[PDB]
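*Asks:* One structure is given below, represented as structure tokens, and several questions about it will come after.
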Amino acid sequence: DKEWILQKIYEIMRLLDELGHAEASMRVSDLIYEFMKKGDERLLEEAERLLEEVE
Amino acid sequence: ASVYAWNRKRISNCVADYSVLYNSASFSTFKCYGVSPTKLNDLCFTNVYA
């Protein structure tokens with residue numbers, strides 16, 4: 001499951017760059033770094049929430 | 001039980017082995033929020049309610 005979560009967060013920041021919202025992308029990237037060091041899956045929920053605010 | 005009037009089972013004063021349910025292939029989904037799903041056998045809770 002962790003592998004899919006990392007892929008989803010990665011795709012979210014990639015999209016945020018494409019959408020022209022670099023600050024949101026930067027914030028999501030930070031979620032990736034923290035995620036790769038932890039078992040905390042709520043970082044996905046934050047990546048998704050940030051994307052929803054942008055879209 | 002129905003979703004409107006759900007049941008609550010009290011889990012207390014025991015060993016809670018979560019490896020059976022974690023490894024079981026009979027379940028379609030699992031998600032933990034405040035805890036890591038792989039640390040459940042290291043953790044201890046005041047009481048557990050199912």
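In the structure tokens, the first chain shown is A, the next is B, and so on; residue numbers restart at 1 for each chain, and ligands run from 1 in the order shown.
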Could you produce a table of the residues of chain A lying within 8 Å of chain B, with the nearest pair of atoms per residue and their separation in Å rounded to one decimal, using only C-alpha atoms, ordered by chain and increasing residue number, as JSON lines?
*Replies:*
```
{"residue": "A:39", "atom": "CA", "partner": "B:36", "partner_atom": "CA", "distance": 5.6}
{"residue": "A:40", "atom": "CA", "partner": "B:36", "partner_atom": "CA", "distance": 6.6}
{"residue": "A:41", "atom": "CA", "partner": "B:33", "partner_atom": "CA", "distance": 6.9}
{"residue": "A:42", "atom": "CA", "partner": "B:33", "partner_atom": "CA", "distance": 6.6}
```
*Asks:* Dump N, CA and C atoms for the selected residues as a PDB file, in the first residue's frame?
*Replies:*
```pdb
ATOM      1  N   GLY A  39       5.668   5.887   8.596  1.00  0.00           N
ATOM      2  CA  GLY A  39       4.539   5.011   8.275  1.00  0.00           C
ATOM      3  C   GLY A  39       3.219   5.786   8.308  1.00  0.00           C
ATOM      4  N   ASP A  40       3.318   7.112   8.331  1.00  0.00           N
ATOM      5  CA  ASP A  40       2.163   7.998   8.442  1.00  0.00           C
ATOM      6  C   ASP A  40       1.532   8.248   7.074  1.00  0.00           C
ATOM      7  N   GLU A  41       0.348   7.682   6.861  1.00  0.00           N
ATOM      8  CA  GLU A  41      -0.316   7.739   5.563  1.00  0.00           C
ATOM      9  C   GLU A  41      -1.208   8.967   5.412  1.00  0.00           C
ATOM     10  N   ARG A  42      -1.280   9.804   6.448  1.00  0.00           N
ATOM     11  CA  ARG A  42      -2.157  10.977   6.407  1.00  0.00           C
ATOM     12  C   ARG A  42      -1.548  12.056   5.524  1.00  0.00           C
TER      13      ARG A  42
END
```
*Asks:* Which parts of chain B does DSSP call alpha helix (DSSP H) when run on the backbone here, written out as a list in words?
*Replies:* residues 19, 20, 21, 22 and 23 of chain B
*Asks:* So which residues touch residue 47 in chain A within 12 Å, counting only C-alpha atoms, skipping near sequence neighbours fewer than 5 positions away, as number ranges by chain?
*Replies:* A: 5-16, 24-32, 34-35, 41-42, 52-54
